[PDB]
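Engineer: Here it is: the structure, laid out below.
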Amino acid sequence: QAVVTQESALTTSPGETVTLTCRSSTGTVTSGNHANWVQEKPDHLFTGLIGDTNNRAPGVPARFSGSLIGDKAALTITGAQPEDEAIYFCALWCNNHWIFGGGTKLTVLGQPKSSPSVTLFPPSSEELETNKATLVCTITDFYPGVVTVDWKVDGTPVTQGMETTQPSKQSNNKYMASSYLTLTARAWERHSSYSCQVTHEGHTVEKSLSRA
Amino acid sequence: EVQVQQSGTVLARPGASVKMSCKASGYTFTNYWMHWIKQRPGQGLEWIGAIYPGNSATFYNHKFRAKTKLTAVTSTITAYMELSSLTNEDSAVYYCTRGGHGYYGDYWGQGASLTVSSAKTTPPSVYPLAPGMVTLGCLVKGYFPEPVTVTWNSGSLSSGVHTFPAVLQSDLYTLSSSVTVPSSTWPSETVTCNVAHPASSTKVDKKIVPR
Ligand SMILES: CO[C@H]1O[C@H](CO)[C@@H](O)[C@H](O[C@H]2O[C@H](C)[C@H](O)C[C@H]2O)[C@@H]1O[C@H]1O[C@H](CO)[C@H](O)[C@H](O)[C@H]1O
């Protein structure tokens with residue numbers, strides 16, 4: 001049916017005003033689409049914010065307001081607070097289905113940005129004895145919590161065999177993620193340099209090792 | 001106040017059927033809709049359908065009409081959703097939410113995780129990750145089902161510990177944990193990770209030894 005589109009990520013500072021939009025592939029969002037906005041915080045904590053285009057849910061702060069701005073539904077946070085850092089989903093009632101946008105991750109900078117500490121570990125001998133090899137790349141302490149991870153084996157991009165977790169908020173509220181490259185020991189033995197490349201805010205950190 | 005209480009975690013095998021429930025607290029059940037939401041790992045949120053208990057009207061997403069059956073028992077103020085013929089694609093966290101005019105979910109339940117797997121209980125293989133401040137790790141590979149608990153030096157090492165979320169590799173989970181200690185500390189001070197996998201009563205300790 002319709003495809004509802006939201007910005008994927010926005011960053012602001014405490015006390016600033018930020019507007020998030022929600023649009024449809026059917027053309028304009030109207031009042032009969034009853035635009036809804038909800039917030040997702042860590043550990044599956046969801047809060048309804050806005051219902052029926054502009055009604056604040058019970059006990060939602062007045063700094064959150066919803067409106068139709070032109071052909072789009074929008075959520076404006078007038079005077080953003082550090083605790084508003086979360087993912088915001090809008091949904092539209094269309095053809096008797098609630099259709100969800102992809103969610104906007106909103107960073108509200110409550111501390112200075114921080115680059116990732118990347119550590120890459122080689123396979124342990126005890127795992128190589130099983131005929132398997134996992135390289136582990138741990139990525140911690142980054143803020144904002146958005147990072148891309150890329151693996152290279154002897155310079156060729158790896159697109160099969162790696163798993164990367166979604167960023168978890170650490171206790172200090174910076175974020176962490178790991179990535180795994182699993183290979184058979186035979187495959188491990190055919191290559192020499194392995195790299196884990198992490199791009200955070202336009203800059204890349206790279207950690208490489210050589211089998212040897 | 002208003003509370004939406006959900007049932008617990010479910011583990012089910014392919015082909016089966018499960019029933020999940022949401023109990024309302026703090027409001028008149030018969031004046032509100034109960035909606036059900038599916039959240040997949042990284043697939044976003046999907047609306048399954050809604051039931052209006054007061055007169056048992058329902059709306060279903062066409063895509064879930066062959067999968068779901070929504071019911072509600074007004075005397076028990078409970079809504080249920082039964083999912084049939086479970087595939088792996090049904091593993092997700094399900095939420096029930098309270099709705100009314102123009103909205104589906106001002107209050108949300110806490111979620112109920114459903115995992116659909118053919119796998120059997122498997123204990124973790126624990127592998128020490130040495131470099132050769134220093135960061136040491138432990139890889140906890142190939143266990144089913146979730147969870148495992150990781151401590152370092154029986155809980156004494158608590159600062160600078162990071163345990164990452166499990167990924168699924170094949171139909172078994174893998175997770176790792178790192179601890180960063182001052183470089184003078186290691187190897188003089190022994191560092192051991194402790195892994196417990198309650199589902200197979202596995203408890204294993206791994207001393208990190210330099211390479
Ligand atoms: C059966 O209930 C319909 O009428 C009531 C009374 O006005 C609406 O509030 C209902 O809509 C709510 O519940 C559904 C499940 C959605 O969550 C949207 C909510 O507003 C429902 O009406 C909807 O469907 C009708 C079809 O008759 C129209 O689309 C209307 O615009 C909707 O509100």
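Naming works like this for the structure tokens: A, B, ... for the chains as they're shown, residue 1 at the start of each chain, ligands 1 onward in shown order.
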Please identify all protein, DNA and RNA residues within 10 Å of ligand 1, counting only C-alpha atoms and all ligand atoms, and report them as an mmCIF file with N, CA, C and O atoms, in the first residue's frame.
Structural biologist:
```
data_model
loop_
_atom_site.group_PDB
_atom_site.id
_atom_site.type_symbol
_atom_site.label_atom_id
_atom_site.label_comp_id
_atom_site.auth_asym_id
_atom_site.auth_seq_id
_atom_site.Cartn_x
_atom_site.Cartn_y
_atom_site.Cartn_z
ATOM 1 N N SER A 31 -6.020 15.013 7.277
ATOM 2 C CA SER A 31 -6.465 14.790 8.653
ATOM 3 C C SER A 31 -7.072 13.423 8.805
ATOM 4 O O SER A 31 -7.035 12.869 9.880
ATOM 5 N N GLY A 32 -7.656 12.853 7.746
ATOM 6 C CA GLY A 32 -8.269 11.543 7.834
ATOM 7 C C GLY A 32 -7.187 10.491 7.875
ATOM 8 O O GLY A 32 -7.485 9.317 8.005
ATOM 9 N N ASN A 33 -5.909 10.820 7.732
ATOM 10 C CA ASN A 33 -4.851 9.846 7.931
ATOM 11 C C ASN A 33 -4.450 9.710 9.381
ATOM 12 O O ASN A 33 -3.589 8.872 9.694
ATOM 13 N N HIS A 34 -5.060 10.527 10.258
ATOM 14 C CA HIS A 34 -4.861 10.514 11.711
ATOM 15 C C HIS A 34 -3.406 10.303 12.122
ATOM 16 O O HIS A 34 -3.095 9.358 12.849
ATOM 17 N N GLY A 51 -1.485 11.684 18.796
ATOM 18 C CA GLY A 51 -2.487 10.925 18.095
ATOM 19 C C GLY A 51 -3.313 11.911 17.312
ATOM 20 O O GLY A 51 -3.265 13.129 17.555
ATOM 21 N N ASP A 52 -4.063 11.428 16.322
ATOM 22 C CA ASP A 52 -4.946 12.226 15.493
ATOM 23 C C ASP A 52 -4.401 13.573 15.023
ATOM 24 O O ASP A 52 -4.965 14.666 15.197
ATOM 25 N N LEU A 92 0.411 6.226 9.651
ATOM 26 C CA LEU A 92 -0.715 6.847 8.968
ATOM 27 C C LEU A 92 -1.861 5.856 8.853
ATOM 28 O O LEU A 92 -1.581 4.692 8.580
ATOM 29 N N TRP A 93 -3.121 6.196 9.101
ATOM 30 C CA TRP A 93 -4.247 5.297 8.891
ATOM 31 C C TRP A 93 -4.597 5.488 7.433
ATOM 32 O O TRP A 93 -5.008 6.576 6.991
ATOM 33 N N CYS A 94 -4.342 4.447 6.658
ATOM 34 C CA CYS A 94 -4.600 4.508 5.235
ATOM 35 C C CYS A 94 -5.237 3.196 4.796
ATOM 36 O O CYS A 94 -4.662 2.120 5.034
ATOM 37 N N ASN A 95 -6.450 3.290 4.208
ATOM 38 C CA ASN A 95 -7.154 2.149 3.628
ATOM 39 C C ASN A 95 -7.307 1.026 4.651
ATOM 40 O O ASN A 95 -6.917 -0.129 4.490
ATOM 41 N N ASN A 96 -7.748 1.507 5.809
ATOM 42 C CA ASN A 96 -7.952 0.722 7.002
ATOM 43 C C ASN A 96 -6.743 -0.074 7.494
ATOM 44 O O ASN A 96 -6.893 -1.139 8.111
ATOM 45 N N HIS A 97 -5.531 0.413 7.253
ATOM 46 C CA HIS A 97 -4.315 -0.160 7.813
ATOM 47 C C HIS A 97 -3.523 0.995 8.408
ATOM 48 O O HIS A 97 -3.561 2.112 7.883
ATOM 49 N N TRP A 98 -2.841 0.749 9.530
ATOM 50 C CA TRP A 98 -1.874 1.686 10.083
ATOM 51 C C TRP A 98 -0.589 1.293 9.379
ATOM 52 O O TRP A 98 -0.201 0.116 9.387
ATOM 53 N N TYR B 32 -12.235 0.926 24.487
ATOM 54 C CA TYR B 32 -10.993 1.096 23.759
ATOM 55 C C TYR B 32 -10.640 -0.093 22.876
ATOM 56 O O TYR B 32 -11.008 -1.238 23.158
ATOM 57 N N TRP B 33 -9.908 0.210 21.801
ATOM 58 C CA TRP B 33 -9.384 -0.795 20.911
ATOM 59 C C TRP B 33 -8.079 -1.323 21.496
ATOM 60 O O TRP B 33 -7.358 -0.661 22.261
ATOM 61 N N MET B 34 -7.773 -2.556 21.139
ATOM 62 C CA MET B 34 -6.538 -3.184 21.535
ATOM 63 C C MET B 34 -5.887 -3.495 20.190
ATOM 64 O O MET B 34 -6.505 -4.126 19.335
ATOM 65 N N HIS B 35 -4.708 -2.938 19.916
ATOM 66 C CA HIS B 35 -4.013 -3.178 18.682
ATOM 67 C C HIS B 35 -2.828 -4.060 19.018
ATOM 68 O O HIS B 35 -2.366 -4.086 20.175
ATOM 69 N N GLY B 49 -3.343 -5.957 13.606
ATOM 70 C CA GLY B 49 -4.771 -5.743 13.567
ATOM 71 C C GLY B 49 -5.180 -5.163 14.897
ATOM 72 O O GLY B 49 -4.326 -4.939 15.774
ATOM 73 N N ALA B 50 -6.488 -4.979 15.054
ATOM 74 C CA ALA B 50 -7.045 -4.415 16.257
ATOM 75 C C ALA B 50 -8.366 -5.086 16.537
ATOM 76 O O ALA B 50 -9.053 -5.472 15.579
ATOM 77 N N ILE B 51 -8.721 -5.161 17.820
ATOM 78 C CA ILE B 51 -10.029 -5.636 18.265
ATOM 79 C C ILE B 51 -10.683 -4.601 19.183
ATOM 80 O O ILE B 51 -10.018 -3.957 19.997
ATOM 81 N N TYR B 52 -11.987 -4.408 19.039
ATOM 82 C CA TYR B 52 -12.765 -3.560 19.918
ATOM 83 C C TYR B 52 -13.569 -4.499 20.808
ATOM 84 O O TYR B 52 -14.636 -4.941 20.371
ATOM 85 N N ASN B 55 -17.694 -4.669 21.333
ATOM 86 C CA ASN B 55 -18.590 -5.325 20.382
ATOM 87 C C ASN B 55 -17.867 -6.335 19.496
ATOM 88 O O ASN B 55 -18.375 -6.755 18.454
ATOM 89 N N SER B 56 -16.634 -6.676 19.906
ATOM 90 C CA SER B 56 -15.740 -7.572 19.199
ATOM 91 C C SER B 56 -15.565 -7.337 17.702
ATOM 92 O O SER B 56 -15.441 -8.275 16.917
ATOM 93 N N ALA B 57 -15.504 -6.064 17.282
ATOM 94 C CA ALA B 57 -15.191 -5.736 15.889
ATOM 95 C C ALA B 57 -13.677 -5.913 15.722
ATOM 96 O O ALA B 57 -12.939 -5.789 16.717
ATOM 97 N N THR B 58 -13.166 -6.206 14.524
ATOM 98 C CA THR B 58 -11.738 -6.370 14.319
ATOM 99 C C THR B 58 -11.372 -5.701 13.016
ATOM 100 O O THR B 58 -12.265 -5.487 12.182
ATOM 101 N N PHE B 59 -10.093 -5.363 12.863
ATOM 102 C CA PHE B 59 -9.535 -4.884 11.596
ATOM 103 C C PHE B 59 -8.288 -5.740 11.507
ATOM 104 O O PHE B 59 -7.689 -6.035 12.560
ATOM 105 N N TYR B 60 -7.893 -6.211 10.329
ATOM 106 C CA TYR B 60 -6.695 -7.018 10.230
ATOM 107 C C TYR B 60 -5.908 -6.432 9.119
ATOM 108 O O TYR B 60 -6.452 -5.839 8.190
ATOM 109 N N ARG B 98 -3.084 0.365 23.359
ATOM 110 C CA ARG B 98 -4.447 0.775 23.585
ATOM 111 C C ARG B 98 -4.758 1.891 22.627
ATOM 112 O O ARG B 98 -3.998 2.866 22.543
ATOM 113 N N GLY B 99 -5.900 1.816 21.953
ATOM 114 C CA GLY B 99 -6.221 2.784 20.927
ATOM 115 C C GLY B 99 -7.601 3.316 21.120
ATOM 116 O O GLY B 99 -8.410 2.761 21.861
ATOM 117 N N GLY B 100 -7.899 4.352 20.380
ATOM 118 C CA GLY B 100 -9.172 5.021 20.488
ATOM 119 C C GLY B 100 -9.373 5.750 19.191
ATOM 120 O O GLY B 100 -8.862 5.339 18.147
ATOM 121 N N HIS B 101 -10.069 6.877 19.171
ATOM 122 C CA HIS B 101 -10.334 7.553 17.918
ATOM 123 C C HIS B 101 -9.074 8.243 17.426
ATOM 124 O O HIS B 101 -8.385 8.956 18.154
ATOM 125 N N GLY B 102 -8.755 7.992 16.181
ATOM 126 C CA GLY B 102 -7.616 8.561 15.544
ATOM 127 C C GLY B 102 -6.324 8.030 16.096
ATOM 128 O O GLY B 102 -5.304 8.597 15.728
ATOM 129 N N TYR B 103 -6.231 7.036 16.968
ATOM 130 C CA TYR B 103 -4.903 6.620 17.376
ATOM 131 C C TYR B 103 -4.878 5.166 17.738
ATOM 132 O O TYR B 103 -5.914 4.657 18.136
ATOM 133 N N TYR B 104 -3.729 4.508 17.613
ATOM 134 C CA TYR B 104 -3.620 3.106 17.939
ATOM 135 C C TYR B 104 -2.897 2.801 19.259
ATOM 136 O O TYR B 104 -2.949 1.645 19.698
ATOM 137 N N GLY B 105 -2.151 3.738 19.874
ATOM 138 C CA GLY B 105 -1.338 3.314 20.995
ATOM 139 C C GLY B 105 -0.783 4.436 21.834
ATOM 140 O O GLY B 105 0.361 4.857 21.654
#
```
Engineer: What lies within 9 Å of stretch 169-184 of chain A using only C-alpha atoms, ignoring chain neighbours under 6 positions off, as a short mmCIF file (atom, residue, chain, number, x, y, z; two decimals) with C-alpha atoms, in the first residue's frame?
Structural biologist:
```
data_model
loop_
_atom_site.label_atom_id
_atom_site.label_comp_id
_atom_site.auth_asym_id
_atom_site.auth_seq_id
_atom_site.Cartn_x
_atom_site.Cartn_y
_atom_site.Cartn_z
CA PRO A 42 16.06 1.46 25.00
CA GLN A 111 27.62 15.36 25.89
CA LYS A 113 30.84 13.76 20.41
CA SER A 114 33.24 10.86 20.89
CA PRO A 116 34.98 4.91 18.53
CA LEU A 128 41.17 -22.84 15.03
CA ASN A 131 38.27 -25.79 11.73
CA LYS A 132 36.65 -22.34 12.30
CA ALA A 133 37.96 -18.82 12.59
CA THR A 134 36.03 -15.78 13.93
CA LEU A 135 37.53 -12.33 13.89
CA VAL A 136 35.91 -10.01 16.44
CA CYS A 137 35.83 -6.20 16.04
CA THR A 138 34.55 -4.38 19.19
CA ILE A 139 33.57 -0.71 18.78
CA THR A 140 32.87 1.31 21.95
CA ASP A 141 32.49 4.81 23.26
CA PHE A 142 31.12 6.55 20.15
CA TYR A 143 28.67 9.41 20.24
CA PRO A 144 26.43 10.08 18.19
CA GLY A 145 25.42 6.38 18.13
CA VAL A 146 25.55 5.84 14.36
CA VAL A 147 28.52 3.97 12.82
CA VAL A 149 31.46 -1.16 9.75
CA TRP A 151 35.61 -5.59 6.52
CA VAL A 158 33.79 -8.58 2.31
CA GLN A 160 29.43 -12.42 2.86
CA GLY A 161 29.97 -13.89 6.33
CA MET A 162 29.90 -10.89 8.67
CA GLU A 163 27.42 -10.01 11.38
CA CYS A 196 37.79 -3.78 10.32
CA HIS B 162 31.12 -4.33 27.67
CA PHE B 164 27.52 -6.96 23.33
CA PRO B 165 24.10 -8.21 22.12
CA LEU B 175 27.92 -12.86 21.84
CA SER B 176 31.21 -11.40 23.14
#
```
Engineer: Would you mind listing, as a PyMOL selection string, all residues of chain A that have at least one atom within 8 Å of chain B, where only C-alpha atoms are what counts?
Structural biologist: chain A and resi 34-36+44-49+51-52+57-58+96-100+102-103+119+121-124+126-127+163-165+168+176-178
Engineer: Could those residues be written to a file, using N, CA, C and O atoms, as a CSV table (one decimal), in the first residue's frame?
Structural biologist:
```csv
chain,number,residue,atom,x,y,z
A,34,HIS,N,-5.1,10.5,10.3
A,34,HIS,CA,-4.9,10.5,11.7
A,34,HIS,C,-3.4,10.3,12.1
A,34,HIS,O,-3.1,9.4,12.8
A,35,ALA,N,-2.5,11.1,11.6
A,35,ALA,CA,-1.1,10.9,11.9
A,35,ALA,C,-0.7,10.7,13.3
A,35,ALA,O,-1.0,11.5,14.2
A,36,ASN,N,0.0,9.6,13.6
A,36,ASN,CA,0.4,9.3,15.0
A,36,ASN,C,1.9,9.3,15.1
A,36,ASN,O,2.6,8.9,14.1
A,44,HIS,N,13.0,-1.6,24.6
A,44,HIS,CA,11.6,-1.7,24.1
A,44,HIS,C,10.6,-0.9,24.8
A,44,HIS,O,9.5,-1.4,25.1
A,45,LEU,N,11.0,0.3,25.3
A,45,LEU,CA,10.1,1.1,26.0
A,45,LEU,C,9.5,2.1,25.0
A,45,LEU,O,10.2,2.9,24.5
A,46,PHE,N,8.2,2.0,24.8
A,46,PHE,CA,7.5,2.9,23.8
A,46,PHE,C,6.5,3.7,24.5
A,46,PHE,O,5.8,3.3,25.4
A,47,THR,N,6.4,4.9,24.0
A,47,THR,CA,5.5,5.9,24.5
A,47,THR,C,4.7,6.5,23.4
A,47,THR,O,5.3,7.0,22.4
A,48,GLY,N,3.4,6.6,23.5
A,48,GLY,CA,2.6,7.3,22.5
A,48,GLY,C,2.9,8.8,22.7
A,48,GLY,O,2.9,9.2,23.9
A,49,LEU,N,3.1,9.6,21.7
A,49,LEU,CA,3.3,11.0,21.9
A,49,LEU,C,2.1,11.8,21.4
A,49,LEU,O,1.5,12.6,22.1
A,51,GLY,N,-1.5,11.7,18.8
A,51,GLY,CA,-2.5,10.9,18.1
A,51,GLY,C,-3.3,11.9,17.3
A,51,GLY,O,-3.3,13.1,17.6
A,52,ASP,N,-4.1,11.4,16.3
A,52,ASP,CA,-4.9,12.2,15.5
A,52,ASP,C,-4.4,13.6,15.0
A,52,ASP,O,-5.0,14.7,15.2
A,57,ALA,N,-0.7,12.7,23.8
A,57,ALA,CA,-1.2,11.6,24.6
A,57,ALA,C,-1.1,12.1,26.0
A,57,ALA,O,-0.5,13.1,26.4
A,58,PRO,N,-1.7,11.4,27.0
A,58,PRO,CA,-1.7,11.7,28.4
A,58,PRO,C,-0.2,11.8,28.9
A,58,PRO,O,0.6,10.9,28.8
A,96,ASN,N,-7.7,1.5,5.8
A,96,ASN,CA,-8.0,0.7,7.0
A,96,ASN,C,-6.7,-0.1,7.5
A,96,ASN,O,-6.9,-1.1,8.1
A,97,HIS,N,-5.5,0.4,7.3
A,97,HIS,CA,-4.3,-0.2,7.8
A,97,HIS,C,-3.5,1.0,8.4
A,97,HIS,O,-3.6,2.1,7.9
A,98,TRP,N,-2.8,0.7,9.5
A,98,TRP,CA,-1.9,1.7,10.1
A,98,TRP,C,-0.6,1.3,9.4
A,98,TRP,O,-0.2,0.1,9.4
A,99,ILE,N,0.0,2.2,8.7
A,99,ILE,CA,1.2,2.1,7.9
A,99,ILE,C,2.3,2.8,8.6
A,99,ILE,O,2.1,4.0,8.8
A,100,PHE,N,3.4,2.2,8.9
A,100,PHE,CA,4.5,2.8,9.7
A,100,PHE,C,5.7,3.4,8.8
A,100,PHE,O,6.1,2.8,7.8
A,102,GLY,N,9.8,4.5,8.5
A,102,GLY,CA,10.9,3.8,9.0
A,102,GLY,C,11.5,4.2,10.3
A,102,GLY,O,12.4,3.5,10.8
A,103,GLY,N,11.0,5.3,11.0
A,103,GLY,CA,11.6,5.7,12.2
A,103,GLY,C,12.8,6.7,12.0
A,103,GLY,O,13.6,6.5,11.1
A,119,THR,N,38.7,-2.3,18.6
A,119,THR,CA,39.7,-3.3,18.9
A,119,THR,C,39.3,-4.5,17.9
A,119,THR,O,38.2,-4.8,17.7
A,121,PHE,N,40.3,-8.5,17.3
A,121,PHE,CA,41.0,-9.6,17.9
A,121,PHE,C,41.2,-10.7,16.8
A,121,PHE,O,40.3,-10.9,16.0
A,122,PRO,N,42.3,-11.5,16.8
A,122,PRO,CA,42.4,-12.6,15.9
A,122,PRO,C,41.7,-13.9,16.4
A,122,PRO,O,41.4,-13.9,17.6
A,123,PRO,N,41.5,-14.9,15.6
A,123,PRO,CA,40.9,-16.2,16.1
A,123,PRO,C,41.7,-16.8,17.2
A,123,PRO,O,42.9,-16.6,17.1
A,124,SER,N,41.2,-17.4,18.2
A,124,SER,CA,42.0,-18.1,19.2
A,124,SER,C,42.4,-19.4,18.7
A,124,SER,O,41.7,-20.0,17.9
A,126,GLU,N,42.3,-22.3,20.1
A,126,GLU,CA,41.3,-23.3,20.5
A,126,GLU,C,40.2,-23.2,19.6
A,126,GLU,O,39.7,-24.3,19.2
A,127,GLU,N,39.7,-22.1,19.0
A,127,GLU,CA,38.7,-22.2,18.0
A,127,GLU,C,39.4,-22.7,16.7
A,127,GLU,O,38.7,-23.4,15.9
A,163,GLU,N,28.6,-10.3,10.6
A,163,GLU,CA,27.4,-10.0,11.4
A,163,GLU,C,27.8,-8.8,12.2
A,163,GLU,O,28.8,-8.8,12.9
A,164,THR,N,26.9,-7.7,12.3
A,164,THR,CA,27.2,-6.6,13.1
A,164,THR,C,26.0,-6.3,13.9
A,164,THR,O,24.9,-6.4,13.5
A,165,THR,N,26.2,-5.9,15.2
A,165,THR,CA,25.1,-5.7,16.1
A,165,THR,C,24.6,-4.2,15.9
A,165,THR,O,25.4,-3.4,15.3
A,168,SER,N,24.4,-0.4,21.0
A,168,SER,CA,23.7,-0.4,22.3
A,168,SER,C,24.2,0.8,23.1
A,168,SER,O,25.4,1.1,23.1
A,176,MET,N,28.0,1.3,21.9
A,176,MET,CA,28.9,0.3,21.6
A,176,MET,C,28.3,-0.7,20.5
A,176,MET,O,27.0,-0.6,20.4
A,177,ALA,N,29.0,-1.4,19.7
A,177,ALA,CA,28.6,-2.4,18.7
A,177,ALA,C,29.8,-3.4,18.5
A,177,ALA,O,30.9,-3.0,18.7
A,178,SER,N,29.5,-4.6,18.1
A,178,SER,CA,30.6,-5.5,17.6
A,178,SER,C,30.2,-6.0,16.2
A,178,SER,O,29.0,-6.0,15.9
```
Engineer: How far is it from atom CA of residue A:79 to atom CA of residue A:60, in Å with one decimal?
Structural biologist: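 If I compute the distance from atom CA of residue A:79 to atom CA of residue A:60, I get 14.1 Å.
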Engineer: List the neighbours of residue B:18 out to 9 Å using only C-alpha atoms; skip same-chain residues closer than 4 positions along the sequence, and give me the result as a ChimeraX atom specification.
Structural biologist: /B:10,12,81-84,86
Engineer: As a list in words, please: the residues near residue A:197 (cut-off 7 Å, only C-alpha atoms, same-chain neighbours under 3 positions excluded).
Structural biologist: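 Everything that qualifies: residues 149, 150, 151, 204, 205, 206 and 207 of chain A.
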Engineer: Could you tell me how far atom CA of residue A:39 sits from atom CA of residue B:5, in Å to one decimal place?
Structural biologist: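 Between atom CA of residue B:5 and atom CA of residue A:39 the gap is 19.1 Å.
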Engineer: Rounded to one decimal, what separation in Å do you get between atom CA of residue B:20 and atom CA of residue B:172?
Structural biologist: 24.6 Å
Engineer: Once DSSP has gone over the backbone, tell me which residues of stretch 6-173 of chain A are in strand (DSSP E), as a PyMOL selection string.
Structural biologist: chain A and resi 6+9-12+17-24+36-41+45-51+55-56+64-69+72-78+86-94+97-100+104-108+117-121+132-142+148-153+156-157+162-164+168-169
Engineer: Those same residues - C-alpha atoms - I'd like them written as an mmCIF file, in the first residue's frame.
Structural biologist:
```cif
data_model
loop_
_atom_site.group_PDB
_atom_site.id
_atom_site.type_symbol
_atom_site.label_atom_id
_atom_site.label_comp_id
_atom_site.auth_asym_id
_atom_site.auth_seq_id
_atom_site.Cartn_x
_atom_site.Cartn_y
_atom_site.Cartn_z
ATOM 1 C CA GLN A 6 10.670 9.600 7.552
ATOM 2 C CA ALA A 9 18.531 10.530 11.504
ATOM 3 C CA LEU A 10 18.548 14.101 12.821
ATOM 4 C CA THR A 11 20.900 15.729 15.434
ATOM 5 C CA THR A 12 20.140 18.815 17.559
ATOM 6 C CA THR A 17 13.846 23.257 18.042
ATOM 7 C CA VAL A 18 13.768 20.273 15.622
ATOM 8 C CA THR A 19 11.030 19.163 13.149
ATOM 9 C CA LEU A 20 10.599 15.596 11.931
ATOM 10 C CA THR A 21 8.351 14.877 8.855
ATOM 11 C CA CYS A 22 6.235 11.948 7.678
ATOM 12 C CA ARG A 23 5.089 11.736 4.097
ATOM 13 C CA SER A 24 3.155 9.199 1.951
ATOM 14 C CA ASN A 36 0.397 9.278 14.956
ATOM 15 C CA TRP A 37 3.875 9.690 16.487
ATOM 16 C CA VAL A 38 5.413 7.298 19.102
ATOM 17 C CA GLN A 39 8.823 7.232 20.759
ATOM 18 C CA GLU A 40 11.092 4.215 21.280
ATOM 19 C CA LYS A 41 13.637 4.346 24.046
ATOM 20 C CA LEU A 45 10.139 1.149 25.991
ATOM 21 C CA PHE A 46 7.516 2.853 23.810
ATOM 22 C CA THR A 47 5.490 5.910 24.544
ATOM 23 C CA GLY A 48 2.644 7.290 22.463
ATOM 24 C CA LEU A 49 3.288 11.031 21.876
ATOM 25 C CA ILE A 50 0.783 12.399 19.321
ATOM 26 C CA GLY A 51 -2.487 10.925 18.095
ATOM 27 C CA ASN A 55 -3.360 15.562 20.176
ATOM 28 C CA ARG A 56 -0.680 15.014 22.845
ATOM 29 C CA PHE A 64 6.076 18.110 21.625
ATOM 30 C CA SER A 65 3.477 19.247 19.075
ATOM 31 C CA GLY A 66 2.195 17.601 15.840
ATOM 32 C CA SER A 67 0.760 19.442 12.783
ATOM 33 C CA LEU A 68 0.368 19.012 9.012
ATOM 34 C CA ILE A 69 3.037 21.235 7.402
ATOM 35 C CA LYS A 72 3.322 16.187 5.378
ATOM 36 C CA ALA A 73 2.689 15.422 8.981
ATOM 37 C CA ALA A 74 5.396 16.794 11.293
ATOM 38 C CA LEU A 75 6.466 16.539 14.875
ATOM 39 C CA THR A 76 8.228 19.638 16.261
ATOM 40 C CA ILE A 77 10.074 19.462 19.560
ATOM 41 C CA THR A 78 10.406 23.074 20.685
ATOM 42 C CA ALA A 86 15.262 8.224 20.854
ATOM 43 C CA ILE A 87 13.657 6.817 17.694
ATOM 44 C CA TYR A 88 10.383 8.380 16.593
ATOM 45 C CA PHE A 89 7.986 6.455 14.344
ATOM 46 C CA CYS A 90 5.067 7.986 12.553
ATOM 47 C CA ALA A 91 2.156 5.928 11.247
ATOM 48 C CA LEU A 92 -0.715 6.847 8.968
ATOM 49 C CA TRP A 93 -4.247 5.297 8.891
ATOM 50 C CA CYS A 94 -4.600 4.508 5.235
ATOM 51 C CA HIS A 97 -4.315 -0.160 7.813
ATOM 52 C CA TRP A 98 -1.874 1.686 10.083
ATOM 53 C CA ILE A 99 1.246 2.057 7.890
ATOM 54 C CA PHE A 100 4.539 2.844 9.652
ATOM 55 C CA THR A 104 13.916 8.742 12.712
ATOM 56 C CA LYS A 105 16.853 8.319 15.165
ATOM 57 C CA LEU A 106 17.120 11.704 16.937
ATOM 58 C CA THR A 107 20.370 12.546 18.655
ATOM 59 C CA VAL A 108 20.026 15.410 21.196
ATOM 60 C CA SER A 117 37.610 2.805 20.215
ATOM 61 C CA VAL A 118 37.962 -0.114 17.766
ATOM 62 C CA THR A 119 39.713 -3.327 18.860
ATOM 63 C CA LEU A 120 40.127 -6.249 16.416
ATOM 64 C CA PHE A 121 41.003 -9.648 17.894
ATOM 65 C CA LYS A 132 36.653 -22.345 12.295
ATOM 66 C CA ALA A 133 37.960 -18.818 12.590
ATOM 67 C CA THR A 134 36.034 -15.780 13.933
ATOM 68 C CA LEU A 135 37.530 -12.326 13.893
ATOM 69 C CA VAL A 136 35.912 -10.006 16.436
ATOM 70 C CA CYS A 137 35.827 -6.201 16.036
ATOM 71 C CA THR A 138 34.547 -4.380 19.191
ATOM 72 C CA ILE A 139 33.567 -0.714 18.781
ATOM 73 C CA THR A 140 32.867 1.311 21.945
ATOM 74 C CA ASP A 141 32.487 4.811 23.257
ATOM 75 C CA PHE A 142 31.124 6.547 20.149
ATOM 76 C CA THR A 148 29.166 1.880 9.625
ATOM 77 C CA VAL A 149 31.464 -1.163 9.745
ATOM 78 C CA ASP A 150 33.297 -2.553 6.668
ATOM 79 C CA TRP A 151 35.611 -5.586 6.516
ATOM 80 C CA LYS A 152 38.461 -6.118 4.067
ATOM 81 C CA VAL A 153 40.360 -9.292 3.510
ATOM 82 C CA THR A 156 38.871 -6.961 -1.266
ATOM 83 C CA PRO A 157 35.539 -5.844 0.343
ATOM 84 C CA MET A 162 29.902 -10.886 8.670
ATOM 85 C CA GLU A 163 27.416 -10.013 11.383
ATOM 86 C CA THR A 164 27.239 -6.556 13.083
ATOM 87 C CA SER A 168 23.731 -0.351 22.285
ATOM 88 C CA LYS A 169 23.680 2.630 24.644
#
```
Engineer: From a DSSP calculation on the backbone, collect every residue of stretch 40-209 of chain B in helix (DSSP H, G or I) and output the set as a list in words.
Structural biologist: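 Listing helix (DSSP H, G or I) positions across stretch 40-209 of chain B yields residues 53, 54, 55, 62, 63, 64, 74, 75, 76, 88, 89, 90, 153, 154, 155, 198, 199 and 200 of chain B.
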